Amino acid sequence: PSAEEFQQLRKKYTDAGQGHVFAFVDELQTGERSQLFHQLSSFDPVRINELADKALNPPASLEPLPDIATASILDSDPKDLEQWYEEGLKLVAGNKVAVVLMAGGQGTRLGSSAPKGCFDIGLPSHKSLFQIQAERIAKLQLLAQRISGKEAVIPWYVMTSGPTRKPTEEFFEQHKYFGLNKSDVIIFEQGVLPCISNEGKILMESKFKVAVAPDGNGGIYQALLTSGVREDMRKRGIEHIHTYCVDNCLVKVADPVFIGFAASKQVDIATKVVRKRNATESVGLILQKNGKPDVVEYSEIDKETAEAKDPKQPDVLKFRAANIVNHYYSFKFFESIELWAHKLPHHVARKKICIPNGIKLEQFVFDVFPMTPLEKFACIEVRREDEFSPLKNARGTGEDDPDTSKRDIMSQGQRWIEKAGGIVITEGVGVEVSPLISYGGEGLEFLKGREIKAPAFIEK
């Protein structure tokens, strides 16, 4: 940039109240000066003032979702569960199923230097979360091929962000895309936003770098349009989309039961929950808030509401639908994004950010739920120990960490083997079962009668 191009950009920022981002220009080495110029040209400071103004200058009725919107792997008719599986697999076979992996988050409490998906939780195989999830895609495709005779494809749209993008692209590349075909793995970006003070002033990471953060998991909807991903899905003939977080080590990627369940209710949005078993669990819950599908924080649930027993089922809680951020969307729903993408608010996330101190402005993925007709919303309860194991904290926390994650995968593996007639001997811990061997506990008949000495790794 010329001196006059630079000064034009300094004026735009100063006029917007944000001129302090050039405060250290005098001491910058031209290359650094060039970087700040380009980074600052990607943001409109007026738009940032808008979002910051709405964010900083802005008793519900709670009922569970209606019986007609809900199901349970635990309680539903196994006949339904099996029909849903069979039908969901058919949609996979038809190449109608896509996955969006939400992998743009910075993960600032596990505090890895790498993207969370690269994390090695300590399994015998030493596989990353990325690889495990990819092998589930691979395995499910081969399962679908059995019934159809034809190749099945589930496109894997990996949503990253600025801080996550490049190292994720390099990791997938080094790992030869985990045995999937390149064309079927699509890495894309959500937008980022500068982090702001309590007074809405842009925060500086360095003298020549603005502190940025991804704009929330809710930024997914806009990012589908911007990245060109929704229209890629159009070309591919996608009709059904499964979306989850990279941190879930137990994720049933493109779960046919979930797809088959959602498709048969002809809903636009479905969700997975696990069971809340004790009233004191600090878990966000899916329910109707003011006659509308929503996710409500645990703090907003009074003692009496949390404690209430289900009248139709007195041994379990009335409000028990613990949110695991695991969603289905119809393609029809994705074509409606323009009509409401602007109706999603940026929330104030007070985090520790530079040169809790700051704010990250974030959209919430579930904020579209109350905008969605109750008749277009579904929810299925699943088994935690088969489906939900978040990597959220560093080792030594005792909760949602590498060890709980490893435990969850390795005790699943053992249990799967034991159900198939396998004899697991632990003179020592569990057994790691490769998704390339078993997606969901099937195809282990060959282990009947065999002694496996734990800890162990069953691989192709």
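In this text, residue numbers run from 1 along the sequence as written.
Compared with the other entries of this protein, residue 111 is frequently left unbuilt, missing from a third or more of those that build its neighbours. Residue 33 is a gap in at least a third of the other entries compared, counting only those with both neighbours built.
The entry models residue 58 and residue 59 with a gap of 4 to 9 deposited residues left without coordinates. In this entry, residue 353 is separated from residue 354 by 1 to 3 residues of the deposited sequence that have no coordinates. Mean CA temperature factor is higher for 105-113 when stretches 105-113 and 124-132 are set side by side in the entry. Between 304-312 and 68-76, it is 304-312 that carries the larger average Cα temperature factor according to the deposited entry. The residue among 252, 272, 176, 234 whose C-alpha atom has the highest B-factor in the PDB entry is 234. You'll see in the entry that, of 141, 148, 243, 323, the Cα B factor peaks at 148. Among the modelled residues of its chain, residue 211 has a C-alpha B-factor that falls in the middle third according to the deposited record. The entry lists a Cα temperature factor for residue 22 that places it in the highest third of the chain's modelled residues. In the deposited entry, the Cα temperature factor of residue 396 places it in the highest third of its chain's modelled residues. The deposited CA B-factor of residue 446 belongs to the highest third of values across its chain. When all modelled residues of the chain are sorted by CA temperature factor, residue 334 is found within the highest third.
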